[PDB]
Each structure stands twice: as C-alpha cells, then as structure tokens.
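A.B. asks: I have a structure here, written as structure tokens, and I will follow up with some questions on it.
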Amino acid sequence: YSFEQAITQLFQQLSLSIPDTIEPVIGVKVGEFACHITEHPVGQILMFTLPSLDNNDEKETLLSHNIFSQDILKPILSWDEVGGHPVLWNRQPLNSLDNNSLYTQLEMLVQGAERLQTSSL
Amino acid sequence: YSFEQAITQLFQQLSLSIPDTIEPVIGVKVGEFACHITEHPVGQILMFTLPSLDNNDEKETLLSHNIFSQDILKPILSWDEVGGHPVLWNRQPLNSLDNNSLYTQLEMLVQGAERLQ
Numbered sequence: 002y003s004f005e006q007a008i009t010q011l012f013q014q015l016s017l018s019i020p021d022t023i024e025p026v027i028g029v030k031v032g033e034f035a036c037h038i039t040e041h042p043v044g045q046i047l048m049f050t051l052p053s054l055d056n057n058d059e060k061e062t063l064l065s066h067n068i069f070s071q072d073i074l075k076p077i078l079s080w081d082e083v084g085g086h087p088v089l090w091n092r093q094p095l096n097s098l099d100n101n102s103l104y105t106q107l108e109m110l111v112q113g114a115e116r117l118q119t120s121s122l
Numbered sequence: 017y018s019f020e021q022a023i024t025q026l027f028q029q030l031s032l033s034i035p036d037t038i039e040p041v042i043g044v045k046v047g048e049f050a051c052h053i054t055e056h057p058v059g060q061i062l063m064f065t066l067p068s069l070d071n072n073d074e075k076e077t078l079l080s081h082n083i084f085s086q087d088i089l090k091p092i093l094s095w096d097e098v099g100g101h102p103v104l105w106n107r108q109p110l111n112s113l114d115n116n117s118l119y120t121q122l123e124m125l126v127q128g129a130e131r132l133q
C-alpha cells in the first residue's frame, strides 16, 4: 500500500478531487487547521499541524495532552525547537490501514488541535 | 505473538525469571528506571517509565523531546495530572513483532529516560 493510493482514498472520503500529481507533503485544510500529510519514515503515514498555544499554559498542562490513551491515533504535542513553534502530530503504519484509517487519523489530529485552544479559562 | 509470548521471549533475553502467572502489567528494572509493560489497547504493546526531569528545562525544551523522527519507538514525554509526575512512553503493534522488537522498544525507552537527564 503506497502513499499515493492512501492519499487517493482519503481524498475520496473527504469529497476532494484526486490530484493528478500527489506531492510528498500534502496539505489539507480542515476548518481553521492546515494539516500536512506525508510519508515519514518510509512506511509510515505522518500527519501534523501547527497549533496556537495559550502563552499562559504551563508545561505540565501541555505535557498532560501527551499521556497515552486507548486511541493510538491521539496526537502528540511537540516543539519544532528549530522552527520555533509547536507541532501537533500523529502517526500509523501504511501497511495496516483500513477504509477509514486515514480519515480517523485526520479527525483525531484536528480534535487534538481543538482541545489545545479549549484550554484558557 | 500473544502478550504472554512476547514477555516470555523478552525475559529470556534479559535473563529474568518469568512469573508462573503473567499479569497484564509487567515490570522490569533497568538501571535506575522501573519500566512497565502492558497490552494497551488490545493489539498494542505499551511500555512506560516514570522519569525525573531537570527543573531547569523550560516548556520548549521539554516538548522538543516529542518531535517525530525516523524511529517510531522514540518515547513520548507526557504528564500525569493526578499523580503530578512525568510519564515517558512508547508503543508498537503486537502483530508485527520480531525477535528483538520488545528488547529494542525497552532499550529506546530507557535511552529516552537518560536523554531527559
């Protein structure tokens, strides 16, 4: 199961037109979240977005978002030390995907991005 | 591999006595790190340890340990809000394990705990 085929199916389930040329890093906008999909490392489908973090959130609160859960697609909050900004991402094997695999991954990623903006109050 | 079979092979490699009855959560002490191994969710082998972080590390420094890399066994640093302590963990599918898969996962987890310094 290649990246090309994976993206195709995903775009077919998003009511999106199958791109004639599938770039290495694909961008899909879900609401206000620009999500990027790519193969990294080879054999793994990685999805990531750049969230907005409340400057008033402590490290403990941010790290609490990364505790393991029963959903292996729950995204991880990290820092692009170099880029100087947060990176939220998830990941799964390209060889064990199901019809709804990629959609759920993208959905769990956005859901995680929304939770991060739900914390100030 | 069933959870029991994976644990048995790992313990043989670590030369550790295998309990008569294998519990769902299994611990192993490596150096100064107590590591816990369990199947969660079903079909996934989860390992985690409770590290001691450097109080000098800022928010950005701690979260930088979580960026994705080429090694899918690189551990994730998180926090248990109730216990009030950090939790470092990694995970991989039970259905795609090899002879040294769990040993490598444990090695990567401890290596990560050491990098937190």
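Chain order of the listed sequences is A and B. The number in the working numbering is simply the position in the first sequence, starting from 1, with 1 added. The number in the working numbering is simply the position in the second sequence, starting from 1, with 16 added. Virtual Cβ for every residue (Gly too), placed ideally from N, Cα, C.
#1: Of all the options 30(A), 97(A), 109(A) and 60(A), which has the alpha carbon lying nearest to the alpha carbon of residue 72(A)?
#2: Whose Cβ in chain A lies nearer than 7 Å to the Cβ of residue 114(B)?
#3: One question on the structure: do residue 52(B) and residue 43(B) come within less than 8 Å of each other, judged by their Cβ atoms?
#4: Note down the Cα distance separating residue 90(A) from residue 105(B), rounded to an integer number of angstroms.
#5: At 8 Å on the CB atoms, spell out the chain C contacts of residue 94(B), in chain order.
#6: Since residue 132(B) and residue 81(B) are thought to touch, with beta carbons under 8 Å apart, how far apart are those beta carbons, to the nearest angstrom?
#7: Closest Cβ-Cβ distance between residue 75(B) and chain A: below 8 Å?
#8: How about residue 87(A) and residue 122(A): are their beta carbons less than 8 Å apart?
#9: Contact defined as beta carbons within less than 8 Å: I believe residue 79(A) pairs with residue 83(B). What is the distance between those atoms, to the nearest angstrom?
#10: Rounded to whole angstroms, what's the CA-CA distance from residue 30(B) to residue 84(A)? Just pull it up for me.
#11: Applying the 10 Å Cβ sphere with the 16-neighbour rule, what's the burial state of residue 68(B)?
#12: Report the rounded CA-to-CA distance for residue 34(B) versus residue 56(B), giving the unit in angstroms.
#13: Please classify residue 117(B) as buried or exposed, where buried requires at least 16 neighbouring CB atoms within 10 angstroms.
C.D. replies: Concretely, from the data shown:
#1: Residue numbering aside, residue 72(A) sits at position 71 when the first sequence is read from its first letter. That would be 109(A), whose Cα lies nearest to the Cα of residue 72(A).
#2: The residue given as residue 114(B) occupies position 98 in the second sequence. Ordered by position in chain A, no residue passes the 7 Å Cβ test against residue 114(B), which lies about 14 Å from the chain.
#3: Translated into the one-based positions of the second sequence, residue 52(B) becomes position 36. Translated into the one-based positions of the second sequence, residue 43(B) becomes position 27. In this structure, residue 43(B) lies closer than 8 Å to residue 52(B) by Cβ.
#4: As a first step, residue 90(A) is located in the first sequence; it is residue number 89 there, counting from the start. As a first step, residue 105(B) is located in the second sequence; it is residue number 89 there, counting from the start. Roughly 16 Å between the two C-alpha positions.
#5: This model lacks chain C altogether, as its protein chains are A and B.
#6: Within the second sequence, numbered from 1, the residue matching residue 132(B) stands at position 116. Within the second sequence, numbered from 1, the residue matching residue 81(B) stands at position 65. Contact holds; Cβ gap of about 7 Å.
#7: Taking the first residue of the second sequence as position 1, residue 75(B) is located at position 59. It does: the Cβ of residue 75(B) has a partner Cβ on chain A nearer than 8 Å.
#8: The residue you call residue 87(A) lines up with position 86 of the first sequence. The residue you call residue 122(A) lines up with position 121 of the first sequence. No, Cβ-Cβ distance for residue 87(A) and residue 122(A) is not below 8 Å.
#9: By 1-based counting over the first sequence, the position of residue 79(A) is 78. By 1-based counting over the second sequence, the position of residue 83(B) is 67. Contact holds; Cβ gap of about 4 Å.
#10: The count along the second sequence starts at 1 and reaches residue 30(B) at position 14. The count along the first sequence starts at 1 and reaches residue 84(A) at position 83. Straight-line Cα distance between these residues: approximately 40 Å.
#11: For the purposes of this step, residue 68(B) is taken as the residue at position 52 of the second sequence. Residue environment: residue 68(B) is assigned as exposed (fewer than 16 neighbouring CB atoms within 10 Å of its CB, all protein chains considered).
#12: Indexing the second sequence from 1 puts residue 34(B) at position 18. Indexing the second sequence from 1 puts residue 56(B) at position 40. Approximately 21 Å between the Cα atoms of the pair.
#13: Position 101 of the second sequence, counted from the first residue, corresponds to residue 117(B). Label assigned to residue 117(B): buried.
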